[PDB]
Every structure is written in structure tokens, then in C-alpha cells.
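Right, one structure below, let's go through it.
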Amino acid sequence: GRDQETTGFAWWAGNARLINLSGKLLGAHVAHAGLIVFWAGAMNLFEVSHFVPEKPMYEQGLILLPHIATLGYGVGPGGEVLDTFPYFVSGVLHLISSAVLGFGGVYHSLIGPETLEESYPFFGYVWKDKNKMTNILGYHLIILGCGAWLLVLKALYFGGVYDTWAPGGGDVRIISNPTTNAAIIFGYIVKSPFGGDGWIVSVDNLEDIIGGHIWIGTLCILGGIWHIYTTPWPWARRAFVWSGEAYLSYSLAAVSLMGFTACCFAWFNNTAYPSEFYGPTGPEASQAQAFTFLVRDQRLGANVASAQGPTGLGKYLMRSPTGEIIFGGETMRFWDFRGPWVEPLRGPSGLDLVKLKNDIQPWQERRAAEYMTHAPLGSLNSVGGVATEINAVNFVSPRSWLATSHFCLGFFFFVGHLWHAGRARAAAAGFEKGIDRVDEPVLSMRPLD
Amino acid sequence: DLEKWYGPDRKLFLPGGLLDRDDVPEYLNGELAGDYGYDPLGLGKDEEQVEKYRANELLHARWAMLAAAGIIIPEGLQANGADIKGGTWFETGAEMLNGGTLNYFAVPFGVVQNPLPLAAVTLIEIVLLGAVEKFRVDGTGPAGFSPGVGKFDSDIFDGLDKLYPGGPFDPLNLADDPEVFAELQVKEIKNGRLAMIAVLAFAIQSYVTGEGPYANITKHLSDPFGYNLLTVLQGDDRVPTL
Amino acid sequence: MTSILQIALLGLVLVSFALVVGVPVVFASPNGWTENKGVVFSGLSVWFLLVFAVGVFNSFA
Amino acid sequence: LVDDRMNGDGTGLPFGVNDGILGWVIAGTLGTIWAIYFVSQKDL
Amino acid sequence: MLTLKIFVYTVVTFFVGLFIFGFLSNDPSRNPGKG
Amino acid sequence: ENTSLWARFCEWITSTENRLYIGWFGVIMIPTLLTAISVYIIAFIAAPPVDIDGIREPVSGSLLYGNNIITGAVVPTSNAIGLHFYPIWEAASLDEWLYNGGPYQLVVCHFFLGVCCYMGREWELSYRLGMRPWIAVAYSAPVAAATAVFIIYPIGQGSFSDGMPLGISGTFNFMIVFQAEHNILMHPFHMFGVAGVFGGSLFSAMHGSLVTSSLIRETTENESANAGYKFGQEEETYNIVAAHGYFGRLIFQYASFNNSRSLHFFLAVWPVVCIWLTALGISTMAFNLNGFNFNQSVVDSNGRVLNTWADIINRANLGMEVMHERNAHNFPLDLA
Amino acid sequence: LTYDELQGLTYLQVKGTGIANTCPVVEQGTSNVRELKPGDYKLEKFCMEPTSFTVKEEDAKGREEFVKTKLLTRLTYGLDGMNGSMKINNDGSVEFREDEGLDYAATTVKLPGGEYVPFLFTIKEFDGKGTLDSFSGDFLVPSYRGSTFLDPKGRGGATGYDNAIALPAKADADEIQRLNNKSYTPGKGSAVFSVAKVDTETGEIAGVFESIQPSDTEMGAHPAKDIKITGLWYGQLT
Ligand code: CLA
Ligand code: CLA
Ligand code: CLA
Ligand code: CLA
Ligand SMILES: CCCCCCCCCCCCCCCCCC(=O)OC[C@H](CO)OC(=O)CCCCCCCCCCCCCCCCC
Ligand SMILES: CC1=C(/C=C/C(C)=C/C=C/C(C)=C/C=C/C=C(C)/C=C/C=C(C)/C=C/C2=C(C)CCCC2(C)C)C(C)(C)CCC1
Ligand SMILES: CC1=C(/C=C/C(C)=C/C=CC(/C)=C/C=C/C=C(C)/C=C/C=C(C)/C=C/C2=C(C)CCCC2(C)C)C(C)(C)CCC1
Ligand SMILES: [Cl-]
Ligand SMILES: [Cl-]
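Here it is, written out as C-alpha cells:
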């Protein structure tokens, strides 16, 4: 690396010194991808070594073993792990790939070519070559489309993916006839982000999940071909700033939106994030608390339909703002929650009082109580539930962990997008170092008053 | 076009940052097709021994291409529904041991019962192959009538180039231009090396799994984690790690 | 059979440690990469051989 | 029912529209602004 | 309440279209310096 | 040549000759914030009582219904609604909309859009004036804090009724309930934020003291000491060195802040990063990450629980917990 | 929508649309109303929905009138999922009785002039006697809030302070009505029904109803108003 006297960047901005050095920049990326897959493999091996089989997966502080378990690699018809060898294989393969990628990144960072155009014109690129940048973007889009179609192939033909909505309490279900309806998929992408709709978190079945994955993979492949075989239009040239920093800022804004959205998936979704592996969501364990007390107090003999709590609304059953019958407690905010242990109990008009009186399954009875106990409360130093509890149980929900961390990372990356977008605009305009002091723009403007 | 495969600045078996340009042996200077500078053992010795072994490499390459096609295609037809009766390559000889005979499937109008026995097939194969292998060294062929040139005489193989004889062996031409001829030579030697690797893979996979390569690829595409080298080396299964 | 697997994995761990220590040392040394090519290639080949050996021996152990 | 509501909340309505007139005015407003921008681009 | 929704939708669509097409209309070129 | 409608519209919006810069971010900042201002003022003056807890129990909040400036507030949306997007047209009538807390959703949504477009407008004016653009990056910290307390905390808890009430006593109520249910004082991010505002006050006092101390006689006991020269000269003579000299001699002379750019960068970054930390602490507690729980954490050799200052904080926290929304709870423990 | 087509829709198809508050109607039935031969018959799935909420407004000049009002609560009033027994005879005498189910709904309505009127729309413990054209009776009306309900300043019924604490000089006259009493005595309301549009082959009745019940007194602070509730009622009849 250089010093500050030749590059103009201090040590705390050292990665800027390799903005125009394509070979070293590539080495930084390859070593970084090695770091990411190294964390994947190492954390997978750590969670496998720290695995107790009889305990549920969410009570052990495991964040990515549920990610493999959602794919159905070694889970049973109730979330039972049975075997952890797929997890071990995944961790070992990630670690070996980390060794390979780290060797490549270190090689290009240290003794790789300094700049790529003078020796490898296919990999050489300048930031102002819009055709070359769109070529690289098309390559990565084709790669991402193949990655999405890999999950599609696994769900369709390799007998995987765990359906939590399967009768009996979820099961690894091979998916046949995914819903590839364009109106349906675009309806999920354009619906409201609020409670009634949920925008994109509210996808509730693997058929729609795999249909959307088919759509995103085909669209990514077609767009990759399109960017390889095209050049950006003049309106795009006039609208965008074409520099390596501006491209980074675009990526930063996109990945910050992705981080916020993934935080929302973690907190609310229970289909792509099954509760048997991730623990209860926000709405459930509260809906579960309202359900367990209803089924307890009707076993003791009290009429739950009479209800009439301290405010005259209902201790167990009440009416939502829309005429559907919902749970009577304060958990009338989570009245739109849908769970595998709720839907067979739920009908068109409401919660089906006749079903609440007669048809309640023991698996639902066990699941709701065990969800009520393991709420997504928890404190940051472990300990138990609400902030006023005592040192009794060691549990914090993985949904809470990777919702809080992902929101923090998304906000930081939005801040970084602001920083890099502003600096890219200032560098393209020529005043990223300061005001010119002999022709400043303010003295060329009329005073306000 | 041609600079990528010939000359000092050609594609080597290791990249520039992993292999210096003066580390190539002096007898591999990018004058032959498929020159990647790959010779870690002292087998090439000099340029004339390299040229002499090139004949063995090219003959083995063409035979390996014909091989790889002859293993993959009939087994795939037999597994997909054709009446092949012995499509698997390591057991096709056992179907003619006593009185059996292989059915020939000339697509699309296939399924024909050949009546030649094993003794007649072996005799005619040895006779024809000895004749062609003796003609290859001697460079003499009596008759003609090839699509390359109408009814060529016997005095046309003389004066030709061995290991690459044009004329009667080139019905479609497309090789008189030297640059595309050299590029196609590189294509041929690379396809031949791929075919050699493939047929060695076919033999080793057959010995390991007990089935043909088409069965191997179909079962692997059906379940890659449930059927691979790791699975076939393991046996039946293992106790789950709980 | 698992004893051979454990010895191979321990050898893989030591070879990987030697590689992690020495590859930046070989690369960033003044004209050291052009003369340590043989030892670095041998170390990488031994590492890949050990990875493949542990993988193969997993099926038998 | 003692009162009248549109009851369009929920149900995953595209862009929140419950009648075709809302989509039509959205498309018309976007088309009008786009037409003005297109015929008045490049500072004429 | 339907015509209120129509009016609000028209207003929001108008202002969002102004935002989008104004940032499309040569926005990086509005600088006092070169480029 | 700016003879077309969109050309003159762009040249007027982009123009820096306006008294207040509008810009393409201002074309959204102005109407949303004007709508929020109008609805907030009208609701604060004369809004009918709002049932916040969803238990048919309305809080007054508005001056015309009998309270003052300190205890007057625009009340968050009804608990029965949740975070369900309740605008005027989704209500049967304006009376129902006002009973169910719709003004809060309107004002909060418009305020969020307005502060986002305010960051964008700050960047836009910095770009049009040839400045460096990270003033918006500095402003992203109060925007993050307001956004986290107004929308992200309701998203985490499941209802806009968890939003901070638009008022003073409502702010105190939200803060006390937040203490009871999350132990915010026992959160390192909140500790960082408190240290950030305290250090920001410290550093503002230090910077003002060192600049106003380091002067020369240009303004006497009268309004100005212009006897040497009147207005209209470029002779800068304030001070450059003695401020850093005094700050060095104050403690140990090696805390080098002689670079004015480094000093001002520190002044900018310290409260901004600490407010970022405390805003993200609020955002994490929105998903019930809570504070440090050292309650009954000290036990003796016989295992008997020894009391602690953390235990006294726990007693105060659960005293707050049993008194919050005393009529809203039916089931024993409280889960978001 | 009838009951047959209500069961034919999924929960997601009727969520957020207000159909779940509607009562099912009878389409293929007859208006003869005299098709019910036997008695002691045990009706089920009785459900009621109002169509108007009018509040009795006694002025201070001496005449009686009801006024149209505006609802503040959303579609959370309404009666569903409750059963009972009906003893209908051959001559036409009808003995109505409702025992259990979701037989109440807390409703807040706004008078003209901006006065909040909360009430508990109840039909619980209702016995109805009369013919097919009109049978009426009385039903129990709970207060509104339970005995553990706490007002703004503690106080409450069963639980609380029983005085306004943040005023040390208290517990005297003009406050006993607000502090000491805190009455939760149940009231009674009278409703009149009517049967029309009966289905014979499956037993369905869906007529209209008119109910009069007292409003909420909070905890006895102010005297109750009277709420007139008119609307449709439906019940499966098996
Ligand atoms: C994701 C982390 C990351 C990565 C991948 C990089 C990568 C890189 N940085 Mg950088 N940097 C980082 C973080 C990172 N940095 C941080 C946090 C700071 C602030 C402190 C800096 C500050 C900084 C400056 C000031 C400079 C760089 C420079 C560089 C480049 C070349 C380094 C060099 O030329 O000297 C050689 C460095 C070494 C010889 C020491 C590294 C030792 C090895 C390579 C790493 C450890 C060995 C590893 C485990 C081996 C793996 C074994 C394998 C077989 C599995 C390089 C691509 C230089 C540059 O910009 O290029 C012009 C430069 O001057 N960085
Ligand atoms: C972002 C990935 C990436 C990119 C763009 C490059 C690009 C480049 N590398 Mg390089 N390399 C990489 C990763 C990458 N490398 C990794 C991970 C390793 C460690 C094995 C290496 C090790 C390496 C060496 C030793 C050398 C290069 C060299 C070069 C340059 C010559 C062209 C070439 O491809 O050489 C050839 C590289 C290979 C043949 C690597 C094998 C790639 C195969 C075909 C896999 C195909 C990818 C496929 C889609 C699967 C992706 C992984 C999947 C699991 C996700 C070139 C600019 C040469 C150089 O620097 O010139 C001076 C050279 O000496 N690379
Ligand atoms: C300290 C850094 C850090 C760490 C440790 C993590 C860790 C994690 N992140 Mg994360 N992230 C970070 C930073 C970090 N992140 C930052 C800064 C951002 C920007 C704000 C994000 C944004 C982000 C998003 C948007 C998401 C995560 C997610 C995740 C979790 C799963 C990772 C994953 O699989 O992604 C994906 C891995 C890849 C894309 C690599 C491609 C390989 C694919 C997966 C292969 C296909 C698999 C195939 C089907 C297997 C079948 C085999 C086949 C043969 C049949 C994981 C625990 C995910 C999550 O769980 O949501 C909360 C997720 O959605 N993160
Ligand atoms: C993948 C996203 C990404 C990428 C590729 C870059 C790339 C770059 N950034 Mg940047 N940045 C990002 C995200 C990113 N940034 C985000 C999200 C923020 C907001 C926090 C910033 C804020 C930022 C600033 C203020 C600056 C840069 C700068 C730079 C350039 C030089 C970096 C350097 O060598 O500094 C050296 C790296 C370090 C000294 C290490 C940083 C240590 C951090 C600050 C502490 C936190 C790390 C800790 C372990 C995590 C704690 C948990 C977390 C949730 C808080 C470089 C091209 C500089 C620049 O503008 O150059 C033109 C610069 O001034 N960035
Ligand atoms: C409820 C359904 C929900 C899903 C539907 C969502 C539809 C969203 C489609 C938007 C995609 C358009 C991309 C243009 C972006 C700006 C391009 C530009 O910088 O454009 C500028 C560029 C400059 O060169 O010009 C050009 O290349 C011209 C290219 C722009 C194409 C013009 C759009 C068609 C115009 C139709 C007018 C509508 C007229 C009014 C209808 C009235 C009906 C009553
Ligand atoms: C897979 C999946 C799925 C699917 C999904 C999807 C399909 C999505 C999508 C989506 C889409 C389809 C998107 C799109 C987009 C775009 C964007 C997001 C953009 C942007 C940008 C911007 C922001 C702009 C800016 C600007 C302006 C404003 C103007 C001027 C220029 C500029 C640039 C400045 C589902 C869920 C179903 C299922 C599950 C899974
Ligand atoms: C350049 C540079 C840089 C960067 C660096 C890096 C990033 C590196 C890396 C790297 C990497 C990324 C690596 C990786 C790796 C891996 C490895 C080395 C591995 C391995 C292996 C083994 C040996 C294993 C074993 C095992 C198994 C198999 C399982 C079980 C467990 C055990 C462990 C036993 C820095 C920042 C310094 C500075 C600047 C410059
Ligand atoms: Cl509750
Ligand atoms: Cl409270």
C-alpha cells in the first residue's frame, strides 16, 4: 500500500486508496467473501458443537442452524432434528471454501496484478465505462438468478423445504405446482406495508414463496442477459452519477432497504422463518397466551363467551374493528396473526366458538403453552423475560437477536449510503475537498434580503 | 485467435502470477496444438520425442472420443427405453458369450437383430483393424470414391502429411485455411484430452459404483447429496448424530 | 478407522496453520515468492490432499 | 350495519386501490407529469 | 370519503411525479463547479 | 432556453435565490410538513377525546377539552386498531376517526416523510452551494431518534399506541412506561446517548469558552471598538494559537487539538454517533432486547438473595409496571 | 349473503371486509311464518345486528323524542354465536329463551352536540313471550365495567382507592356520589322481536328486532340514558 503523501487518503480511509486499483480492489473483495463464508462455516460448527438435541432449537441461541433447518436438511415432522450431519457438512464446506477464497484474496491483495486492463482486458474496468459496468452487473445478475433457481430446484425436485403450515404441525414437504401467477406476485410487491397487508413479509405459503423465487430467478437471468447486451440509455446517463463510490452508494441504499426488510421478516414472518426453529414471533406467544388461558378457564368450567373483562370488552373473546371474532385480551393488536395452530381453529366469521368449545388438539395445546413461555422478550445480557424479571431462565429469542442486529446494520448502511452518495455527487461536481476561495458560489448570488 | 494458443504469449496450464514465462520447458515453445507447458516430469525430453509422443496422444485422443460416445449414448438409450440389450459398457461383452447377439439401434429407424456371431465379429474386426493400422503406417490405400475427391487413386496418400492427412479424409474441406486449421487442431486436442479424462472417469466410476456413467449422472441429478462418491463409499447409511 | 481420520485431521490443522503463517510471509517478502514457489505449491498440494483424505475417510469412519 | 364504510383496508389491494378510478387518476397524473417533462425536456 | 381518497391520491401522485421527474431532469448538472 | 413549463419550473424549484430553498426534496417536504403542522395544531387545540388503550377509555389531550400546554398532547392511535393504517377515508365519519386516534397516524406519517425530505433538502442545498454534503449525515441522528420513537417502536410493539404521544406529559408517560418494560437506564446504548448529550454540552461549553476567551480588543465596553478601523476591512485578528495553548496547559499539554478541523470534526461526530447509538438502542428495545437484568444477581454463600441498587431499580420498575394501563391487561405477564 | 354462502368463503376472503359482522340472511325461505309445527326446539347460532342507534333525549320542556346518532366504535358491536331454546306451539305462542354465547357488545355512540354515550348492547338472559308476529320480554343488562375497573384517579369498585387521593382534604359531601358509591347494580332492558322470512326444510328464521336498554352510568355518577336499538336478527333453527 501507499502512504498519505502520494494518495491523499489517510490510514482511516485506506480502502479509498484502492478505488482505482482494480487488482487490489478485487483482492479485497475476494478476501472479504472469504471472511463472510468463514463466519458461516465457523459459526455453523460452533452451533453444531454447542447443540443439545432434546431442547428446542430456539432456546440455545442458534441463528443459522434454523436457516439450514428451514430448507429441511435433517429435520422431522415436528421440527425434531434427528441428525446434525447436514449441518456439519455445510459448516465444513463453508470453511474449506473460506480457505480457498482467503488464499485468492490474500494473493491478489499482496502479489496480484496492480491494475487489470493492461494484462486482462476482460477483467479490466474503469468506473466511467458504463458498458463494462453493466457487463459486470449482468454477470452478477445471472449468478443471482442461478442462486434463486437453486432454491427452486431444491424445493421442486430435491424433496426439501419445511412447510410449517402442513397439517399436524409442519413437515418437510416437497412442493408441487408453485403459484407462478404474475398478478399474485406483483400484488405482494405493491401492497401496503402496514398491519392489514404487511407488504412482503405477509407471504404465508411455500407455493407463493417458490413462485416468487421462480419469478425472481427468471427475471434476474433475463436482466443479466439484457445488461450484458446493452448500454445505459441517455436518460439514465443524465440521471445517474457514473463513478465508483456512486455505485457503492446505490448498493448501500439497496442493502439497507434489504436489512430493514429482513428485520421485518425476522420479527413477523412465521412461514419462511418457522416457529419450531426460530421461536415464536411478536404476535404469537401473546396470541398463544390469550389462547392458553381461554382453554384453561373453559376446562375449569367458566364460560369464555360471557367473558366481560374489567372494561366490558371480553376477557377471552372480543370483536376486532372489523367484525371478525378475536382474542379478548390486550393482544387485539395481533388479531391478524396467522399460525399453524390457529387456522384449523379459525373460520370465516371469526374464531369459531364451537371449535373453541369442542375441537382443540393436544399438539396445539402443547405448542401454544411452550410458545407462551418462550416469548421474544429477553434482555441483552440473557436472563429471562420482561425487564423486571429475575435471573431464572437463560433465553433470548433468535428472532429478537437477528431482528435487532439487522435493523442496526440497515440503519448504519443507510447512513453510509447518505455519506457515499453525497461524497460521490461532490466528487463528480468537483468540490469534494472544499470551496475554491477565489470564486466561491455564494458571492456570485444575490443576497436573500 | 491463433496467438491465444500458439507462441510465447499463449494460455499455459498455470497463470502468469502462479507460473513465470521462463519456467516452461524449452521443448514446449508453443508450436504444437494444445501447448500449455504442462510437463512436470521429465518425459518430453526434447522436441523430437515430444513430436513422437504427439502421435500416441492424438491416436489415443480420437479413440477416446469414439469411446466416450460409445459408452454414453447406448446406455442412455437403454435406460430411456430403447431395446439395446447390453447398453452398459462394462457388461456388453457378456451378452455374446454363449449364443447371444447385440441388437443395433441406428436412430431413428433403430432396433435391428444383427445375425453375426462373436467369432465372425472378432475375425472381421481383427482383419479390418489390422488392415487399417497397417495402411496408416505404410500410407497406401488401393481404392477410392470419397466425397472429398471423386474416385481418388492409390497414389494420393504418398506425399501427404502423416498424423494429419488431408484430402480423402476431409470431405467437408474447412481446413485448407491454415489459421482455422490450427485453431481446429487445438479444439481437437483439447476435446481429446477431455475424452481421455472422461473415459478414465467412466472406468473408475464403473469399478466403484458397479453401474454405468449414465446411471451415475441420472441418479446424481435425481439426488446429488443422496448419491455421490461420499455416498457410494459409505455403504448403506450411518446412525444419525443426535 | 476413525484413528486414521483423526491423525489426518490433525495433520490438516497443522498444515493449515503453517499455510496461514507462511503464505503472507512468502508473498510479501522481498523476492521471496519467486523462490518459495516450490514449498508453497507443496504445502497447498498437501493441504488439498489432506482435505480430500479426510473427506474420503469420513465415509469409512 | 349502522354506517357505511369502504372496508378496503387489508385484503392486499394493489397500491391500496379499491376502485378503478383511483388507479386511473394515478395513471393520468403520472402520464400528465411525464408528458410535460418529455415535451419540455433539455430546457427545450 | 371516496372523493377524499381520490383527491388525496391525485395530490400524492402529483407531488411524487414532481419528485421523480425533477430528479430525472439533469439533476447532477446543477452544480456551480465544472462537470 | 427555459421557454417551456417544466424548464422554468425546474429553474424555479432548483433556484437558490428563494428565501427558503425548496428543491426536489422540498416539493415533498413542504406539503407533508404543512399538513402535519395543520393537523397537529387543530388536534392540539380542539381534538375530541381519543381512546388510546382500546378499552373504551378516552384521554382528552386537547386544550378545549380541559388541559394546559404541559399536559396537552395529540394522543396516539387506538390500541384496537394496531399499526393498521387508519386514514380519514377508512373511517365511517370524522367523529369515529377522531375517537380512534387517526390524527396521530396522519401527523406521524407526514412528519417522517418531512424529516426524510429535510435531510434530502439539506443535501440539496449543500450541493447547489458547492459545499460538502455531510450536514445531512449529521442530521440523520435526530431523524433516526424521532423515527425510531415514532414508527419503529410501534412496529416492534405491534401498535401505533406505543408511539410517543405528541406532547410533554405524554412524552413523560411514554418514557416511564418504556423504563418499566425495557429498563432503558440499564442499556449501554442509552448510556452512550446520555454520555453523548452530556459530552456535547461539555464540548459546546468548552468550544464557546475557548473561542470567546481568545479575543483581541475590537469591541470595547461600548458597542464596538472601531477606533482603529471601521467596518469594511479583511484584517482578521481574532486569535489562532492561545486557545490551543490554554487547552493544553489545562491538563497535560499532549491532548493535541491544535487542528481546528480535527476539533470541529470531533465536535460533530461525538454527539451524532452517540445519538445514533441511543436511537438504535430504542430500536433494539422495540424488539424487546431490553436492558441489563442484574436483579437478584448477587447471592451469598447460602444462596440468599442480597439486595442491590439494581434490585431497587427493579422495585421501582415493577412499581411502574403494575400501574401502567391498569385496565388494559387481562393476562398476568405482559408480552408486547 | 346467506349462511350457506358464508361458510363457502375462507377466512382470508372475508377478513377486513366487514362480512364477519353481517348476519346471514334467508333467500329461499317463505314469509308464511306459520311453518313451525313442533315445540321445545332448541334454536342455535342466534345472531343479531343493529341498523340504527337512537338515544332518548329528555329535554327540559316536556316532550319525548329520539335522535339519530353517529357511531364512534367500529364494527365491534353485533351479536353472534349464541344459542338457546324456543317453545313454539301450534296456535302460535312462542317462548323465547337465550342462555349462553357472545350475548353482549360494548358500544360507544356520539350524540349530536358532541356527547359520548357508551352502552353495553346486551341481549343476555332474555325470555320472550308472544306470537309469531311479535314476542317481547326483558333481558339482563350489566353495568358496563367490572368491579375491578379503575377510573382516572384510582377509586374503583372492588379494587382501588375509594377516594381521589391527590387531594388530602377530601371525603365529604358532593363527593360521596363519585367516591363512596361506585355502584355497579345491573339494569334491565326490554326488546320486542318479530319473525319473517322463514325457511321450512332446514329451519331458518331471520326477522327484525327493536331493543330498548339503559345506557352507562359509568359507576353511578350520572343517570342512565335510554338507547333504542333496531336491526335484523338471524338464528339457525334445528
Ligand atoms: C475487510 C478488511 C480489509 C481488507 C480485505 C483489506 C484489504 C486491503 N487493504 Mg485495508 N484496511 C482495513 C481493512 C481491510 N483491508 C481497515 C479496517 C483499515 C483501517 C485500519 C485499513 C487500512 C488500509 C490502508 C491504509 C491501506 C490498506 C490497503 C489494503 C490493500 C493492500 C494491502 C497492502 O498493499 O499491504 C500489505 C499488507 C500486508 C502484507 C499485511 C496483511 C497480511 C495478510 C495478507 C493478512 C493475514 C494473513 C491471512 C490470514 C492469510 C490467509 C491464509 C490463506 C492461505 C487461507 C488490500 C486489498 C493499502 C491500499 O489501500 O492499497 C493501496 C493501504 O495502504 N488498508
Ligand atoms: C471474484 C473472483 C475472482 C476474479 C474475478 C478473479 C480474477 C482473476 N484472477 Mg483469480 N482467484 C480467485 C478469484 C477470482 N479471480 C480465487 C478464489 C482464487 C483462489 C483459488 C484465485 C486464484 C488466482 C490465481 C493463482 C491467479 C488468479 C489470477 C486472476 C486473473 C487472471 C484470470 C483468471 O481467471 O485466472 C484464473 C483463475 C482460476 C482458474 C480460478 C478457478 C476458477 C474456476 C473456473 C471456478 C469458476 C467459478 C464458478 C462460477 C464457481 C464460483 C464459486 C462458487 C462456489 C460460488 C484475473 C483478473 C491469475 C493472476 O493473478 O494473474 C497474474 C493467477 O495467477 N487467481
Ligand atoms: C456482522 C455481520 C453480519 C453477520 C454475522 C450476518 C449474519 C446473517 N445475516 Mg446479515 N447483513 C449484514 C451483516 C451480517 N449478517 C449487513 C451489514 C447487512 C446489510 C444491512 C445484512 C443484510 C442481511 C439480509 C437482507 C439478510 C441477512 C441475513 C443473515 C443470516 C443468514 C445469512 C444468509 O444466509 O444470507 C444469505 C447468503 C447468501 C445470499 C449467499 C448465497 C448462497 C445461497 C444462499 C445458496 C443457496 C442455498 C441452496 C438453496 C442450498 C441447497 C443445496 C442445493 C445443492 C440443493 C445470518 C445469521 C438473512 C436473514 O436471516 O434475515 C434476517 C437475510 O435475509 N443479512
Ligand atoms: C459495504 C459498505 C461499505 C463500503 C464498501 C465502504 C467503503 C469505504 N468507505 Mg464507508 N461507510 C459505510 C459502508 C461502506 N464503506 C457505512 C455503513 C458507513 C456508516 C457507518 C460508512 C461511513 C464511512 C465514513 C465516515 C468514511 C467511509 C470511508 C470509506 C472508504 C475508505 C474506507 C477505509 O479505509 O476506512 C477504514 C476503516 C476503518 C477505520 C474501520 C472502521 C471502524 C468502524 C467505524 C467501527 C465499527 C466497527 C465495529 C467492529 C462494528 C461495531 C458494530 C456496529 C453495528 C456498530 C471506502 C472506499 C471514508 C471515505 O469517505 O473515504 C472516501 C470515510 O471517511 N465510510
Ligand atoms: C395497478 C397496477 C400496478 C402495477 C402497474 C405499475 C406500472 C409502473 C410502470 C412504470 C415503469 C416506467 C419506467 C419509466 C421511468 C422513467 C423513464 C424516463 O426517464 O423517461 C424519460 C425518457 C427520456 O428519454 O423518455 C422515455 O424514454 C419514455 C419511457 C417512459 C415510458 C412512458 C410511460 C408510458 C406513458 C403512458 C402515459 C399514461 C398517459 C395518461 C393515461 C391517461 C388514462 C386516463
Ligand atoms: C422472491 C420471493 C418473492 C418475490 C419478490 C419480488 C418479485 C420482489 C420484487 C421487486 C421489484 C420488481 C422491484 C423493483 C424495483 C426498483 C426499485 C426499488 C428502484 C429504484 C430506484 C430509485 C429510488 C430511483 C431514484 C431516482 C429517482 C427518484 C428518479 C431520478 C433518478 C433517481 C435514480 C435519482 C415473493 C415475496 C413473491 C415470495 C417469496 C420470495
Ligand atoms: C489483505 C489484507 C487484509 C485482509 C486479510 C484477510 C481477510 C485474510 C484472510 C483469510 C481467510 C478468509 C482465511 C480463511 C481460512 C480457512 C482455513 C485456514 C481453514 C481451514 C481448515 C481446517 C484445518 C479445518 C478443520 C476442521 C474441520 C475439517 C471440521 C471440524 C473442525 C476442524 C477445525 C478440526 C488485512 C485486513 C489483514 C489488512 C489489509 C491487507
Ligand atoms: Cl392481555
Ligand atoms: Cl400508562
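Protein chains in written order, with the deposited numbering: chain C, 13 to 461; chain S, 48 to 289; chain Z, 1 to 61; chain W, 60 to 103; chain I, 1 to 35; chain A, 9 to 344; chain O, 62 to 299. Backbone N, C-alpha and C fix where the C-beta goes; we use that ideal spot for every residue, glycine too.
One question on the structure: do residue i and residue j come within less than 8 Å of each other, judged by their Cβ atoms?
i	j	result
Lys122 (chain O)	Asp287 (chain O)	no
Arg185 (chain C)	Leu218 (chain C)	yes
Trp97 (chain A)	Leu4 (chain I)	yes
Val87 (chain C)	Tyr174 (chain C)	yes
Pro141 (chain A)	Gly434 (chain C)	yes
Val83 (chain A)	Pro173 (chain A)	yes
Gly198 (chain O)	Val155 (chain O)	no
residue 12 (chain C)	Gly326 (chain C)	The shown model of chain C, from 13 to 461, leaves out residue 12 (chain C), and the question about it has no answer.
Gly239 (chain S)	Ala80 (chain S)	no
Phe200 (chain O)	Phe180 (chain O)	no
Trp279 (chain C)	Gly164 (chain A)	yes
Helix, strand or coil, according to DSSP, for residue i in the structure here?
i	result
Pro56 (chain A)	coil
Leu275 (chain A)	helix
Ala121 (chain O)	coil
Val269 (chain O)	strand
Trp83 (chain W)	helix
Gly142 (chain O)	strand
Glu176 (chain O)	strand
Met1 (chain Z)	coil
Please check the pair residue i and residue j, which I expect to be a contact at CB under 8 Å, by giving their CB distance rounded to whole angstroms.
i	j	result
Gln301 (chain C)	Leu343 (chain A)	6 Å
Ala43 (chain C)	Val112 (chain C)	No, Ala43 (chain C) and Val112 (chain C) are not in contact; Cβ-Cβ is about 11 Å, not under 8 Å.
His120 (chain C)	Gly35 (chain C)	6 Å
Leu104 (chain O)	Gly145 (chain O)	6 Å
Taking beta-carbon pairs under 8 Å, can you tell me which members of the stretch 243-269 of chain S lie near chain Z? If the cut-off is 8 Å between Cβ atoms, the stretch 243-269 of chain S has nothing near chain Z.
Which residues, in order along the stretch 191-223 of chain C, keep a beta-carbon less than 8 Å from a beta-carbon of chain W? Listed by position, the residues of the stretch 191-223 of chain C near chain W (Cβ gap below 8 Å) are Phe198, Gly199, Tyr200, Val202, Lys203, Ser204, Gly208, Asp209 and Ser214.
Select from the stretch 69-103 of chain O all residues with a C-beta closer than 9 Å to any C-beta belonging to chain W, and list them in chain order. If the cut-off is 9 Å between Cβ atoms, the stretch 69-103 of chain O has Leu73, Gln74, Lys76, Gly77, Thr78, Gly79, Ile80, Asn82 and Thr83 near chain W.
Against chain A: residues of the stretch 128-162 of chain O by CB proximity under 8 Å: The residues in question are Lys131, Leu132, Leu133, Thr134, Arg135 and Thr137.
When you check each C-beta in the stretch 228-249 of chain C against every C-beta of chain I, which residues fall closer than 9 Å? Those residues of the stretch 228-249 of chain C that come within reach of chain I (Cβ to Cβ, closer than 9 Å) are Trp247.
By the 9 Å beta-carbon criterion, what residues does the stretch 107-119 of chain C contribute toward chain Z? Against chain Z - using a Cβ distance shorter than 9 Å - the residues of the stretch 107-119 of chain C are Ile108, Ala111, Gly114, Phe115, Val118 and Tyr119.
Where the stretch 60-76 of chain S meets chain C: residues whose CB sits under 7 Å from a CB there: Shown in chain order are the members of the stretch 60-76 of chain S whose Cβ falls below 7 Å from a Cβ of chain C: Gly64.
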